[PDB]
Amino acid sequence: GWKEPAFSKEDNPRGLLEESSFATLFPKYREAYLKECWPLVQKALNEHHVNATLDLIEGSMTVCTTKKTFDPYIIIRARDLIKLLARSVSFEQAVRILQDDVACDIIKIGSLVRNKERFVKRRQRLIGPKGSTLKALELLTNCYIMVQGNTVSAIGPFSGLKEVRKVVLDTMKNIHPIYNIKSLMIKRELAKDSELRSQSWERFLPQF
Amino acid sequence: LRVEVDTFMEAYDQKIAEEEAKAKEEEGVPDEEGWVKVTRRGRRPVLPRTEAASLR
Amino acid sequence: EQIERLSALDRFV
Amino acid sequence: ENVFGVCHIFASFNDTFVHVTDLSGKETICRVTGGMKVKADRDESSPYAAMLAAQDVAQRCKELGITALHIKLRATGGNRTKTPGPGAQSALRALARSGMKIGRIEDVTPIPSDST
Amino acid sequence: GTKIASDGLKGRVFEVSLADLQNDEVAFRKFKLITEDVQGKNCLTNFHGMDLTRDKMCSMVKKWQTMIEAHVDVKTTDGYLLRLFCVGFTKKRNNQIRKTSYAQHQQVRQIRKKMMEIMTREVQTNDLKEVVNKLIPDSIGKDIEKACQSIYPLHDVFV
Amino acid sequence: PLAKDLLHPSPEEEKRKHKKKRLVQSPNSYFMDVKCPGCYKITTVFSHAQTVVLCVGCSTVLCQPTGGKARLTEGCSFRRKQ
Amino acid sequence: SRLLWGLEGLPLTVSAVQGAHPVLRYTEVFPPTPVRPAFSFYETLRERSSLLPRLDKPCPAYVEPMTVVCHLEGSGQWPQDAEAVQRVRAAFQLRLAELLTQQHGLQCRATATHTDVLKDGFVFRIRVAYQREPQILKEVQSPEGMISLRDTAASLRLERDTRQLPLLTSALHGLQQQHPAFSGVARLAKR
RNA sequence: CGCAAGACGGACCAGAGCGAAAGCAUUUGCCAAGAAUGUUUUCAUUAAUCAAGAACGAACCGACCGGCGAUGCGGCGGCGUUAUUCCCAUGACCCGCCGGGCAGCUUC
Ligand SMILES: [Mg+2]
Ligand SMILES: [Zn+2]
């Protein structure tokens, strides 16, 4: 069990030389929420000495590094944050990806199905009755998942995000999510049993 | 040279402003014998009195 | 609520 | 002044590649993969392996006079995910920990416009 | 021997941002330079192409406006043949209350037509040296924006 | 609904209604006398003209057909008739 | 040309710079050289930085300014009168000379039709032209009451000096690049 | 870095538009067709619904009078802004009004 070492200003003085920038767009129905939480997001990013600007006229979210910043990768984590906020992800969930342990993935599902009514039906299947299947996915994966429009946003450990992308895309491919959710349950309990770890799990996996 | 240029443009702009104000007063306002003058200052676009427009 | 219902080159610049 | 180079960091979920070239990107200076450091297929994409690969590339650059690097982060792209791998964060950190100066950060993940 | 270092040195393309080529110019515009000759530890380059950054292109495309694109093939006076691309967006007026600002199809074609001749006329009359001097501040895009105000107001016009 | 007298409609009501939906049909078009520049002879032109009208004396283009009312040339003087 | 392409403080930005002189197309029979006047050979006005030939000394050395046509940014605030455009052009001549001597320390003389600039021993004659000026000169309101467009000798002359001449100069400049012997043949033919 | 091949036409893209339905999305040229609107033009009952027959064809309830908002096209009128017309073109915004549409919310 090895954890990544922490990075501080001591590790490099004035590490950054040139300033990098990233910009993202948001719809107007998200404009109101971003307006109140902007005092909060600028406070969070100022800890890493990276600036943010909310352009109301352009409808854009812009983050750019400065001369004080010492961590080069934090701009990537800063760009990922503003993308989630435009996708209606709430502030507390969105800021958590700034920590190194958490990752993010935005999955575009609009292009899969030409027919709009077919697309809506399978999206409702992914959420399921009372949102149970989504949270059944959420608990097994240990990742926070939100479905908004034609995008599915998931954040968490890297192994979790790989599982999310498979099942979410598979739902658009007209194979039922219940098959994938039950498949994950079998996989979890097999991980508990140390025996036959090298042996194949194909027999234990359910078959149609 | 600069004084003459500024002097002429000051006089030229004053003449242009007077013509625009006079035309703005005269737009609409039918006169005696019932004549209304068609101008470009109205809201309906008009056919220009040019050779190119007539041939087109 | 009651109210509601009721020099020469400078021009080129 | 600072002598500049271009560093490409491909970070798949399976493996991490760190590759340094010149400004034009045609001449290879040093390329180390995650598999060359750890002798296990489990840990080819591990952050520990990427940090070891970054240090070996970084130590290579100093005797050649290379002092500053431009970084091009890239994921698998295409029909697959557009998320940087676990090794991306550790490798970028290790390059700065080795004393190498950092230029501009750009993502060069190939994004398809028409889905297949 | 039997192979020349300059042969491998020639034909290399460098992607340099205009901020690294001009003292106070913008940074979202990039230029392509290709090495043509070697002069004793001195590689000499020439103009090869021009492009915009990915983030700048993504930010301009909004949701409630119309996008107009045009392309031409024009030859300069000195024999260089170029292909130029432009993008434009319809602009909402200050006093406008309507949510959407769309231009009709015939208005789009009239805008697209005026896009073509302006690039055509401003390149075939001049040479490669003069064209690059126009591209650095993008005076071509400003000229297109002024000429298209009569048909439909436009913003973010760029080559 | 508002109370309207079908027998005696209001002055602003009949001019606002469609020409076929009035009590008695009445067109919205009219005839006018136009005087071209160059020669001051008077020509009678229909308001919703569908063909270009030329002065008989001097063959000058008077009006250009449009979707609705015909557009008159600049400098011409017009008067409604009747 | 690069100095003009970047000059600041002008109400209208520079849109095009074109040369219209035989020197710039390699067809001058005797090419010029940079010159430095002698102070004692002349007398000085001291109100303007301009020298005058002396009565007793022989004729001074001949210097021919080279014509350069400059087009500004298009705008709709220009006058629609023929003689009024002449006034705005003269103002642009004065403004161009004032800024050039302030930013780069170049000797400039402003005239109602051109500006003379001394740089590196060479003398350039800068002319500012307006795009719609030839169209204004073609406006002829006829007695019967209809305004038309007809070619005029003044209008034809203006189109030749500002539009046709730069095109031929640039076209012949490119031709010399492929054929280095074109300059010798053309200059000998004139002689 | 360059070349070749097979698909596909994102973002812009809307409960918007078009077609009898099934269906229809890069640029440009060409050929025929069409809805609505405008009309003091023309003919004068030439119409409606339909078994048979013919063309095409993916892979609560009822013609139940109305109203209010937006929306697409065409037309009319208008205080003001905004560009401006060699050719090409006479528009962008705001307000009121009349029609036939795509849909909502209400009523009888
Ligand atoms: Mg309308
Ligand atoms: Zn007449």
# chains A, B, ... in the order shown; residues from 1 in each chain; ligands from 1
>>> residues_near_ligand(ligand="ligand 1", cutoff="12 Å", atoms="only C-alpha atoms (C1' of nucleotides) and all ligand atoms", output="MDAnalysis selection string")
chainID H and resid 37 71:76 97:98
>>> residues_near_ligand(ligand="ligand 2", cutoff="8 Å", atoms="only C-alpha atoms (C1' of nucleotides) and all ligand atoms", output="PDB file with N, CA, C and O atoms, in the first residue's frame")
ATOM      1  N   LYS F  35     -47.070  61.657 -60.273  1.00  0.00           N
ATOM      2  CA  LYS F  35     -46.411  62.619 -61.148  1.00  0.00           C
ATOM      3  C   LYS F  35     -44.911  62.355 -61.127  1.00  0.00           C
ATOM      4  O   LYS F  35     -44.260  62.541 -60.092  1.00  0.00           O
ATOM      5  N   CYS F  36     -44.368  61.926 -62.262  1.00  0.00           N
ATOM      6  CA  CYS F  36     -42.952  61.619 -62.358  1.00  0.00           C
ATOM      7  C   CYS F  36     -42.136  62.894 -62.553  1.00  0.00           C
ATOM      8  O   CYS F  36     -42.655  63.909 -63.022  1.00  0.00           O
ATOM      9  N   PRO F  37     -40.858  62.877 -62.182  1.00  0.00           N
ATOM     10  CA  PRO F  37     -39.976  63.992 -62.532  1.00  0.00           C
ATOM     11  C   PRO F  37     -39.418  63.857 -63.940  1.00  0.00           C
ATOM     12  O   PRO F  37     -39.216  62.759 -64.465  1.00  0.00           O
ATOM     13  N   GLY F  38     -39.168  65.011 -64.553  1.00  0.00           N
ATOM     14  CA  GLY F  38     -38.760  65.071 -65.943  1.00  0.00           C
ATOM     15  C   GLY F  38     -39.878  65.579 -66.831  1.00  0.00           C
ATOM     16  O   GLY F  38     -39.651  66.394 -67.729  1.00  0.00           O
ATOM     17  N   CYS F  39     -41.093  65.095 -66.583  1.00  0.00           N
ATOM     18  CA  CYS F  39     -42.296  65.655 -67.181  1.00  0.00           C
ATOM     19  C   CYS F  39     -43.434  65.472 -66.190  1.00  0.00           C
ATOM     20  O   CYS F  39     -43.591  64.403 -65.596  1.00  0.00           O
ATOM     21  N   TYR F  40     -44.228  66.527 -66.012  1.00  0.00           N
ATOM     22  CA  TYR F  40     -45.204  66.588 -64.931  1.00  0.00           C
ATOM     23  C   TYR F  40     -46.584  66.094 -65.354  1.00  0.00           C
ATOM     24  O   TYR F  40     -47.597  66.538 -64.803  1.00  0.00           O
ATOM     25  N   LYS F  41     -46.645  65.183 -66.322  1.00  0.00           N
ATOM     26  CA  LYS F  41     -47.917  64.582 -66.700  1.00  0.00           C
ATOM     27  C   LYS F  41     -48.345  63.562 -65.650  1.00  0.00           C
ATOM     28  O   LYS F  41     -47.513  62.868 -65.058  1.00  0.00           O
ATOM     29  N   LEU F  54     -44.780  52.392 -66.689  1.00  0.00           N
ATOM     30  CA  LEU F  54     -43.928  53.350 -67.378  1.00  0.00           C
ATOM     31  C   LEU F  54     -44.752  54.575 -67.737  1.00  0.00           C
ATOM     32  O   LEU F  54     -45.904  54.447 -68.165  1.00  0.00           O
ATOM     33  N   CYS F  55     -44.169  55.757 -67.543  1.00  0.00           N
ATOM     34  CA  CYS F  55     -44.814  56.983 -67.992  1.00  0.00           C
ATOM     35  C   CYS F  55     -45.004  56.950 -69.503  1.00  0.00           C
ATOM     36  O   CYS F  55     -44.107  56.554 -70.250  1.00  0.00           O
ATOM     37  N   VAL F  56     -46.192  57.357 -69.949  1.00  0.00           N
ATOM     38  CA  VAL F  56     -46.484  57.352 -71.379  1.00  0.00           C
ATOM     39  C   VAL F  56     -45.620  58.378 -72.104  1.00  0.00           C
ATOM     40  O   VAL F  56     -45.124  58.126 -73.208  1.00  0.00           O
ATOM     41  N   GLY F  57     -45.417  59.546 -71.492  1.00  0.00           N
ATOM     42  CA  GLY F  57     -44.686  60.608 -72.166  1.00  0.00           C
ATOM     43  C   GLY F  57     -43.197  60.333 -72.285  1.00  0.00           C
ATOM     44  O   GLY F  57     -42.612  60.494 -73.360  1.00  0.00           O
ATOM     45  N   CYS F  58     -42.563  59.911 -71.189  1.00  0.00           N
ATOM     46  CA  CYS F  58     -41.108  59.846 -71.129  1.00  0.00           C
ATOM     47  C   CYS F  58     -40.548  58.458 -70.849  1.00  0.00           C
ATOM     48  O   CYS F  58     -39.322  58.318 -70.755  1.00  0.00           O
ATOM     49  N   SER F  59     -41.397  57.435 -70.714  1.00  0.00           N
ATOM     50  CA  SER F  59     -40.966  56.046 -70.516  1.00  0.00           C
ATOM     51  C   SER F  59     -40.077  55.881 -69.284  1.00  0.00           C
ATOM     52  O   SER F  59     -39.125  55.097 -69.295  1.00  0.00           O
ATOM     53  N   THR F  60     -40.376  56.614 -68.215  1.00  0.00           N
ATOM     54  CA  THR F  60     -39.622  56.491 -66.975  1.00  0.00           C
ATOM     55  C   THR F  60     -40.267  55.447 -66.071  1.00  0.00           C
ATOM     56  O   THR F  60     -41.495  55.368 -65.970  1.00  0.00           O
TER      57      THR F  60
END
>>> atom_distance(atom1="CA of residue 107 (chain A)", atom2="CA of residue 155 (chain A)")
11.1 Å
>>> interface_residues(of="chain E", to="chain H", cutoff="6 Å", atoms="only C-alpha atoms (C1' of nucleotides)", output="list in words")
residues 67, 96, 149, 150, 151 and 152 of chain E
>>> closest_atom_pairs(of="chain F", to="chain H", cutoff="12 Å", atoms="only C-alpha atoms (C1' of nucleotides)", output="JSON lines")
{"residue": "F:1", "atom": "CA", "partner": "H:66", "partner_atom": "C1'", "distance": 7.7}
{"residue": "F:2", "atom": "CA", "partner": "H:67", "partner_atom": "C1'", "distance": 10.6}
{"residue": "F:12", "atom": "CA", "partner": "H:97", "partner_atom": "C1'", "distance": 11.1}
{"residue": "F:13", "atom": "CA", "partner": "H:97", "partner_atom": "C1'", "distance": 10.9}
{"residue": "F:14", "atom": "CA", "partner": "H:98", "partner_atom": "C1'", "distance": 11.6}
{"residue": "F:15", "atom": "CA", "partner": "H:97", "partner_atom": "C1'", "distance": 9.8}
{"residue": "F:16", "atom": "CA", "partner": "H:97", "partner_atom": "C1'", "distance": 6.6}
{"residue": "F:17", "atom": "CA", "partner": "H:98", "partner_atom": "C1'", "distance": 6.8}
{"residue": "F:18", "atom": "CA", "partner": "H:98", "partner_atom": "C1'", "distance": 6.0}
{"residue": "F:19", "atom": "CA", "partner": "H:98", "partner_atom": "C1'", "distance": 9.0}
{"residue": "F:20", "atom": "CA", "partner": "H:99", "partner_atom": "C1'", "distance": 10.7}
{"residue": "F:21", "atom": "CA", "partner": "H:98", "partner_atom": "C1'", "distance": 10.6}
{"residue": "F:25", "atom": "CA", "partner": "H:40", "partner_atom": "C1'", "distance": 11.3}
{"residue": "F:26", "atom": "CA", "partner": "H:40", "partner_atom": "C1'", "distance": 9.3}
{"residue": "F:27", "atom": "CA", "partner": "H:40", "partner_atom": "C1'", "distance": 7.1}
{"residue": "F:28", "atom": "CA", "partner": "H:40", "partner_atom": "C1'", "distance": 9.5}
{"residue": "F:29", "atom": "CA", "partner": "H:40", "partner_atom": "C1'", "distance": 7.7}
{"residue": "F:30", "atom": "CA", "partner": "H:40", "partner_atom": "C1'", "distance": 8.2}
{"residue": "F:31", "atom": "CA", "partner": "H:40", "partner_atom": "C1'", "distance": 9.5}
{"residue": "F:46", "atom": "CA", "partner": "H:40", "partner_atom": "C1'", "distance": 9.6}
{"residue": "F:47", "atom": "CA", "partner": "H:39", "partner_atom": "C1'", "distance": 10.3}
{"residue": "F:48", "atom": "CA", "partner": "H:39", "partner_atom": "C1'", "distance": 7.1}
{"residue": "F:49", "atom": "CA", "partner": "H:39", "partner_atom": "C1'", "distance": 8.6}
{"residue": "F:50", "atom": "CA", "partner": "H:39", "partner_atom": "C1'", "distance": 8.6}
{"residue": "F:65", "atom": "CA", "partner": "H:38", "partner_atom": "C1'", "distance": 11.0}
{"residue": "F:66", "atom": "CA", "partner": "H:38", "partner_atom": "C1'", "distance": 9.0}
{"residue": "F:67", "atom": "CA", "partner": "H:38", "partner_atom": "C1'", "distance": 6.0}
{"residue": "F:68", "atom": "CA", "partner": "H:38", "partner_atom": "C1'", "distance": 5.1}
{"residue": "F:69", "atom": "CA", "partner": "H:38", "partner_atom": "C1'", "distance": 8.3}
{"residue": "F:70", "atom": "CA", "partner": "H:38", "partner_atom": "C1'", "distance": 10.7}
{"residue": "F:71", "atom": "CA", "partner": "H:90", "partner_atom": "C1'", "distance": 11.6}
>>> select_by_dssp(residues="chain C", states="helix (DSSP H, G or I)", output="list in words")
residues 2, 3, 4, 5, 8, 9 and 10 of chain C
>>> closest_atom_pairs(of="chain A", to="chain E", cutoff="10 Å", atoms="only C-alpha atoms", output="tab-separated table")
residue	atom	partner	partner_atom	distance
A:21	CA	E:55	CA	8.6
A:22	CA	E:55	CA	6.6
A:23	CA	E:55	CA	6.4
A:24	CA	E:59	CA	6.3
A:25	CA	E:59	CA	6.3
A:26	CA	E:62	CA	9.1
A:27	CA	E:63	CA	8.2
A:58	CA	E:60	CA	8.3
A:59	CA	E:62	CA	8.6
A:60	CA	E:59	CA	7.2
A:61	CA	E:59	CA	9.3
A:62	CA	E:59	CA	9.7
>>> write_last_selection(atoms="N, CA, C and O atoms", output="PDB file, in the first residue's frame")
ATOM      1  N   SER A  21      -4.610  28.272 -19.862  1.00  0.00           N
ATOM      2  CA  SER A  21      -5.989  28.693 -19.673  1.00  0.00           C
ATOM      3  C   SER A  21      -6.936  27.638 -20.226  1.00  0.00           C
ATOM      4  O   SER A  21      -6.590  26.872 -21.128  1.00  0.00           O
ATOM      5  N   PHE A  22      -8.145  27.612 -19.667  1.00  0.00           N
ATOM      6  CA  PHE A  22      -9.225  26.762 -20.146  1.00  0.00           C
ATOM      7  C   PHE A  22     -10.549  27.486 -19.963  1.00  0.00           C
ATOM      8  O   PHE A  22     -10.747  28.189 -18.968  1.00  0.00           O
ATOM      9  N   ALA A  23     -11.453  27.313 -20.926  1.00  0.00           N
ATOM     10  CA  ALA A  23     -12.756  27.963 -20.903  1.00  0.00           C
ATOM     11  C   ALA A  23     -13.847  26.952 -21.229  1.00  0.00           C
ATOM     12  O   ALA A  23     -13.647  26.034 -22.028  1.00  0.00           O
ATOM     13  N   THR A  24     -15.010  27.136 -20.602  1.00  0.00           N
ATOM     14  CA  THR A  24     -16.157  26.259 -20.790  1.00  0.00           C
ATOM     15  C   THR A  24     -17.426  27.095 -20.859  1.00  0.00           C
ATOM     16  O   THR A  24     -17.470  28.222 -20.363  1.00  0.00           O
ATOM     17  N   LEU A  25     -18.462  26.527 -21.473  1.00  0.00           N
ATOM     18  CA  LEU A  25     -19.733  27.211 -21.678  1.00  0.00           C
ATOM     19  C   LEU A  25     -20.821  26.589 -20.812  1.00  0.00           C
ATOM     20  O   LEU A  25     -20.804  25.383 -20.547  1.00  0.00           O
ATOM     21  N   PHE A  26     -21.768  27.416 -20.372  1.00  0.00           N
ATOM     22  CA  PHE A  26     -22.890  26.937 -19.582  1.00  0.00           C
ATOM     23  C   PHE A  26     -24.197  27.532 -20.087  1.00  0.00           C
ATOM     24  O   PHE A  26     -24.224  28.668 -20.573  1.00  0.00           O
ATOM     25  N   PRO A  27     -25.294  26.783 -19.988  1.00  0.00           N
ATOM     26  CA  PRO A  27     -26.603  27.328 -20.366  1.00  0.00           C
ATOM     27  C   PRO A  27     -27.125  28.310 -19.326  1.00  0.00           C
ATOM     28  O   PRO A  27     -26.641  28.379 -18.194  1.00  0.00           O
ATOM     29  N   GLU A  58     -20.605  36.542 -22.285  1.00  0.00           N
ATOM     30  CA  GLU A  58     -20.238  35.406 -23.120  1.00  0.00           C
ATOM     31  C   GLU A  58     -20.881  34.116 -22.627  1.00  0.00           C
ATOM     32  O   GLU A  58     -21.014  33.157 -23.395  1.00  0.00           O
ATOM     33  N   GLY A  59     -21.291  34.072 -21.362  1.00  0.00           N
ATOM     34  CA  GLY A  59     -21.786  32.838 -20.787  1.00  0.00           C
ATOM     35  C   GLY A  59     -20.718  31.780 -20.637  1.00  0.00           C
ATOM     36  O   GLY A  59     -20.960  30.609 -20.956  1.00  0.00           O
ATOM     37  N   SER A  60     -19.539  32.156 -20.147  1.00  0.00           N
ATOM     38  CA  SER A  60     -18.390  31.268 -20.112  1.00  0.00           C
ATOM     39  C   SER A  60     -17.823  31.187 -18.702  1.00  0.00           C
ATOM     40  O   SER A  60     -17.985  32.098 -17.887  1.00  0.00           O
ATOM     41  N   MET A  61     -17.153  30.070 -18.429  1.00  0.00           N
ATOM     42  CA  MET A  61     -16.363  29.884 -17.220  1.00  0.00           C
ATOM     43  C   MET A  61     -14.907  29.702 -17.615  1.00  0.00           C
ATOM     44  O   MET A  61     -14.569  28.782 -18.365  1.00  0.00           O
ATOM     45  N   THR A  62     -14.042  30.567 -17.092  1.00  0.00           N
ATOM     46  CA  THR A  62     -12.643  30.603 -17.493  1.00  0.00           C
ATOM     47  C   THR A  62     -11.745  30.490 -16.271  1.00  0.00           C
ATOM     48  O   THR A  62     -11.930  31.209 -15.285  1.00  0.00           O
TER      49      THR A  62
END
>>> interface_residues(of="chain B", to="chain H", cutoff="12 Å", atoms="only C-alpha atoms (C1' of nucleotides)", output="MDAnalysis selection string")
chainID B and resid 40 42:48 50:53 56
>>> select_by_dssp(residues="chain E", states="strand (DSSP E or B)", output="PyMOL selection string")
chain E and resi 13-17+29-38+43-52+65+67-75+81-90+101+154-158
>>> write_last_selection(atoms="C-alpha atoms", output="PDB file, in the first residue's frame")
ATOM      1  CA  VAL E  13       7.155  21.934 -39.183  1.00  0.00           C
ATOM      2  CA  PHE E  14       7.107  24.037 -36.008  1.00  0.00           C
ATOM      3  CA  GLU E  15       3.871  24.953 -34.212  1.00  0.00           C
ATOM      4  CA  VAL E  16       4.522  28.342 -32.589  1.00  0.00           C
ATOM      5  CA  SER E  17       1.934  30.535 -30.888  1.00  0.00           C
ATOM      6  CA  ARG E  29      -3.644  32.193 -32.773  1.00  0.00           C
ATOM      7  CA  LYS E  30      -0.876  29.848 -33.922  1.00  0.00           C
ATOM      8  CA  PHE E  31       1.315  29.748 -37.030  1.00  0.00           C
ATOM      9  CA  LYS E  32       3.047  26.905 -38.876  1.00  0.00           C
ATOM     10  CA  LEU E  33       6.690  27.404 -39.878  1.00  0.00           C
ATOM     11  CA  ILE E  34       8.547  24.940 -42.116  1.00  0.00           C
ATOM     12  CA  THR E  35      12.329  24.756 -42.439  1.00  0.00           C
ATOM     13  CA  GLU E  36      13.507  25.300 -46.023  1.00  0.00           C
ATOM     14  CA  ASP E  37      17.295  25.753 -45.890  1.00  0.00           C
ATOM     15  CA  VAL E  38      20.234  25.233 -43.529  1.00  0.00           C
ATOM     16  CA  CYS E  43      17.651  26.784 -39.820  1.00  0.00           C
ATOM     17  CA  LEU E  44      15.628  29.232 -41.924  1.00  0.00           C
ATOM     18  CA  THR E  45      11.840  28.872 -41.887  1.00  0.00           C
ATOM     19  CA  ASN E  46       8.908  30.236 -43.870  1.00  0.00           C
ATOM     20  CA  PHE E  47       5.157  30.594 -43.434  1.00  0.00           C
ATOM     21  CA  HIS E  48       3.346  27.267 -43.821  1.00  0.00           C
ATOM     22  CA  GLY E  49      -0.079  27.567 -42.174  1.00  0.00           C
ATOM     23  CA  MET E  50      -2.232  29.273 -39.585  1.00  0.00           C
ATOM     24  CA  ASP E  51      -4.789  27.926 -37.129  1.00  0.00           C
ATOM     25  CA  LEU E  52      -6.654  28.732 -33.919  1.00  0.00           C
ATOM     26  CA  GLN E  65     -27.207  31.749 -32.692  1.00  0.00           C
ATOM     27  CA  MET E  67     -22.914  29.800 -37.554  1.00  0.00           C
ATOM     28  CA  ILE E  68     -21.758  30.701 -41.074  1.00  0.00           C
ATOM     29  CA  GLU E  69     -18.648  29.151 -42.640  1.00  0.00           C
ATOM     30  CA  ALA E  70     -16.945  29.722 -45.988  1.00  0.00           C
ATOM     31  CA  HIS E  71     -13.804  28.560 -47.780  1.00  0.00           C
ATOM     32  CA  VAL E  72     -11.954  29.668 -50.918  1.00  0.00           C
ATOM     33  CA  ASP E  73      -8.979  28.590 -53.026  1.00  0.00           C
ATOM     34  CA  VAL E  74      -6.910  31.614 -54.064  1.00  0.00           C
ATOM     35  CA  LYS E  75      -3.442  31.982 -55.604  1.00  0.00           C
ATOM     36  CA  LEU E  81      -1.851  28.741 -53.460  1.00  0.00           C
ATOM     37  CA  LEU E  82      -3.824  29.015 -50.216  1.00  0.00           C
ATOM     38  CA  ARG E  83      -7.083  27.775 -48.704  1.00  0.00           C
ATOM     39  CA  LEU E  84      -8.710  30.088 -46.156  1.00  0.00           C
ATOM     40  CA  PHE E  85     -11.456  29.306 -43.632  1.00  0.00           C
ATOM     41  CA  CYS E  86     -13.693  31.759 -41.769  1.00  0.00           C
ATOM     42  CA  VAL E  87     -16.364  31.515 -39.074  1.00  0.00           C
ATOM     43  CA  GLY E  88     -19.033  34.018 -38.067  1.00  0.00           C
ATOM     44  CA  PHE E  89     -21.832  34.251 -35.532  1.00  0.00           C
ATOM     45  CA  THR E  90     -25.047  36.269 -35.565  1.00  0.00           C
ATOM     46  CA  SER E 101     -31.128  35.536 -33.137  1.00  0.00           C
ATOM     47  CA  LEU E 154     -22.074  39.609 -36.737  1.00  0.00           C
ATOM     48  CA  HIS E 155     -19.431  39.139 -34.055  1.00  0.00           C
ATOM     49  CA  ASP E 156     -16.423  36.868 -33.464  1.00  0.00           C
ATOM     50  CA  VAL E 157     -15.497  36.875 -37.156  1.00  0.00           C
ATOM     51  CA  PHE E 158     -12.089  35.245 -37.572  1.00  0.00           C
TER      52      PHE E 158
END
>>> atom_distance(atom1="CA of residue 8 (chain E)", atom2="CA of residue 71 (chain D)")
24.8 Å
>>> atom_distance(atom1="CA of residue 12 (chain D)", atom2="CA of residue 4 (chain A)")
18.4 Å
>>> interface_residues(of="chain G", to="chain F", cutoff="10 Å", atoms="only C-alpha atoms", output="JSON, numbers by chain")
{"G": [143, 144, 145, 146]}
>>> write_last_selection(atoms="N, CA, C and O atoms", output="PDB file, in the first residue's frame")
ATOM      1  N   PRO G 143     -29.784  67.293 -66.558  1.00  0.00           N
ATOM      2  CA  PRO G 143     -30.818  68.343 -66.475  1.00  0.00           C
ATOM      3  C   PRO G 143     -32.245  67.820 -66.424  1.00  0.00           C
ATOM      4  O   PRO G 143     -33.097  68.452 -65.787  1.00  0.00           O
ATOM      5  N   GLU G 144     -32.538  66.693 -67.080  1.00  0.00           N
ATOM      6  CA  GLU G 144     -33.914  66.202 -67.108  1.00  0.00           C
ATOM      7  C   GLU G 144     -34.379  65.759 -65.724  1.00  0.00           C
ATOM      8  O   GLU G 144     -35.584  65.720 -65.451  1.00  0.00           O
ATOM      9  N   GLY G 145     -33.444  65.430 -64.835  1.00  0.00           N
ATOM     10  CA  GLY G 145     -33.796  65.141 -63.458  1.00  0.00           C
ATOM     11  C   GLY G 145     -33.367  63.778 -62.956  1.00  0.00           C
ATOM     12  O   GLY G 145     -33.912  63.279 -61.968  1.00  0.00           O
ATOM     13  N   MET G 146     -32.390  63.165 -63.621  1.00  0.00           N
ATOM     14  CA  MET G 146     -31.940  61.828 -63.262  1.00  0.00           C
ATOM     15  C   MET G 146     -30.428  61.829 -63.103  1.00  0.00           C
ATOM     16  O   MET G 146     -29.708  62.272 -64.003  1.00  0.00           O
TER      17      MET G 146
END
>>> closest_residue(among="G:85, G:149, G:99, G:38", to="residue 8 (chain C)", atoms="only C-alpha atoms")
G:85
>>> closest_atom_pairs(of="chain D", to="chain A", cutoff="8 Å", atoms="only C-alpha atoms", output="Markdown table")
| residue | atom | partner | partner_atom | distance |
| --- | --- | --- | --- | --- |
| D:47 | CA | A:4 | CA | 7.5 |
| D:48 | CA | A:4 | CA | 7.7 |
| D:81 | CA | A:165 | CA | 7.8 |
| D:82 | CA | A:105 | CA | 7.7 |
| D:83 | CA | A:105 | CA | 6.3 |
| D:85 | CA | A:158 | CA | 7.7 |
| D:86 | CA | A:158 | CA | 7.0 |
| D:89 | CA | A:73 | CA | 6.5 |
| D:90 | CA | A:4 | CA | 7.4 |
| D:92 | CA | A:73 | CA | 6.7 |
| D:93 | CA | A:73 | CA | 7.2 |
| D:96 | CA | A:15 | CA | 7.0 |
| D:97 | CA | A:11 | CA | 6.1 |
| D:99 | CA | A:12 | CA | 7.2 |
| D:101 | CA | A:15 | CA | 6.1 |
| D:102 | CA | A:16 | CA | 5.5 |
| D:103 | CA | A:18 | CA | 5.2 |
| D:104 | CA | A:18 | CA | 5.5 |
| D:105 | CA | A:20 | CA | 5.9 |
| D:106 | CA | A:20 | CA | 7.8 |
| D:115 | CA | A:111 | CA | 6.8 |
>>> residues_around(residues="residue 2 (chain G)", least_positions_apart="3", cutoff="10 Å", atoms="only C-alpha atoms (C1' of nucleotides)", output="PyMOL selection string")
(chain E and resi 130+133) or (chain G and resi 5-7+17)
>>> write_last_selection(atoms="N, CA and C atoms", output="compact mmCIF listing (two decimals), in the first residue's frame")
# COMPACT_ATOMS: atom_id res chain seq x y z
N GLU E 130 2.69 40.26 -47.82
CA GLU E 130 1.62 41.18 -47.42
C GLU E 130 0.48 40.44 -46.74
N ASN E 133 1.22 39.77 -43.06
CA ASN E 133 1.07 41.00 -42.28
C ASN E 133 -0.39 41.31 -42.00
N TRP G 5 2.41 49.60 -40.88
CA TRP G 5 1.65 48.47 -40.35
C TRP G 5 2.00 48.30 -38.87
N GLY G 6 1.37 49.12 -38.04
CA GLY G 6 1.63 49.10 -36.62
C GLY G 6 1.62 50.47 -35.98
N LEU G 7 1.50 51.51 -36.80
CA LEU G 7 1.43 52.87 -36.29
C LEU G 7 0.16 53.06 -35.47
N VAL G 17 -0.77 48.92 -48.09
CA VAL G 17 0.36 49.74 -48.51
C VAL G 17 0.86 49.18 -49.83
